[PDB]
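Residue numbers (PDB author numbering): 1 to 31.
(1) Could you tell me which residues DSSP puts in a beta bridge with residue 28?
(2) Looking at the secondary structure, which residues open and close the alpha helix (DSSP H) in which residue 17 lies?
(3) How long is the line joining the alpha carbons of residue 10 and residue 3, rounded to whole angstroms?
(4) Excluding the five sequence neighbours on either side, which residues of its own chain have a C-beta within less than 8 angstroms of the C-beta of residue 25, listed in chain order?
Below, the structure is given as structure tokens:
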């Protein structure tokens, strides 16, 4: 799914779910 937690960047991924997980299609990879 190129759709998940709405992200800007890695840092933003981190902002929701820490440890700097990656984003793809501007969505954070973390569940």
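Every residue, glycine too, gets a C-beta built ideally from N, C-alpha and C.
By the coordinates alone:
(1) Looking at the DSSP assignment, residue 28 forms a beta bridge with 5, 23.
(2) Counting along the chain, no alpha helix (DSSP H) covers residue 17, and no H or E run does either.
(3) In a straight line, the C-alpha of residue 10 is about 15 angstroms away from that of residue 3.
(4) The residues 2, 3, in chain order, have a CB closer than 8 angstroms to that of residue 25 in the same chain once the five nearest residues on each side in sequence are set aside.
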